[PDB]
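Undergrad: Once you've seen the sequence and the experimental structure below, I've got questions.
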Amino acid sequence: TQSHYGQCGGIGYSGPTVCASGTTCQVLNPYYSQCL
Ligand SMILES: *[C@H]1O[C@H](CO)[C@@H](O)[C@H](O)[C@@H]1O
């Protein structure tokens with residue numbers, strides 16, 4: 001699970017894309033997405 005305020009999967013990020021429960025993966029930019 002990706003941490004809170006962490007990048008959860010933009011184009012090119014194939015790591016922890018699944019946010020911790022309670023946090024939502026919000027795509028902010030095409031490559032920048034953050035678990036909030
Ligand atoms: C939360 O923690 C993860 C690693 O555990 C980071 O990838 C993220 O940027 C944030 O610091």
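TA: Cool, the structure landed. Numbers count the residues shown, from 1 in each chain.
Undergrad: which residues does the most centrally placed residue in the chain contact?
TA: Nearest residue to the geometric centre of the chain (CA atoms, centre = their mean): residue 8, 1.5 Å. By CB atoms under 8 Å, 6 or more residues apart in numbering, the contact set of residue 8 is 2, 16, 17, 18, 19, 25, 26, 33, 34, 35. For every residue, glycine as well, the C-beta is placed using N, CA and C.
Undergrad: Is the fifth one bridged to anything, and to what?
TA: If I follow you right, that is residue 19. Beta bridges link residue 19 to residue 2, judged by DSSP bridges.
Undergrad: Which residues are in contact with it?
TA: Neighbouring residues of residue 19 by CB under 8 Å, 6+ apart: 1, 2, 4, 8, 25, 35.
Undergrad: Throw together a PyMOL command that grabs the buried residues out of the residues you listed.
TA: A single PyMOL command suffices to select whichever of the contacts of residue 19 are buried according to 16 or more other CB atoms under 10 Å:
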select buried, resi 2+8+25+35
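Undergrad: who in the protein is up against the ligand?
TA: 3, 5, 6, 7 (CB under 6 Å from any ligand atom).
Undergrad: ChimeraX command for the buried members of those?
TA: ChimeraX command restricting these to the buried ones, with burial defined by 16+ other CB under 10 Å:
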select :6,7
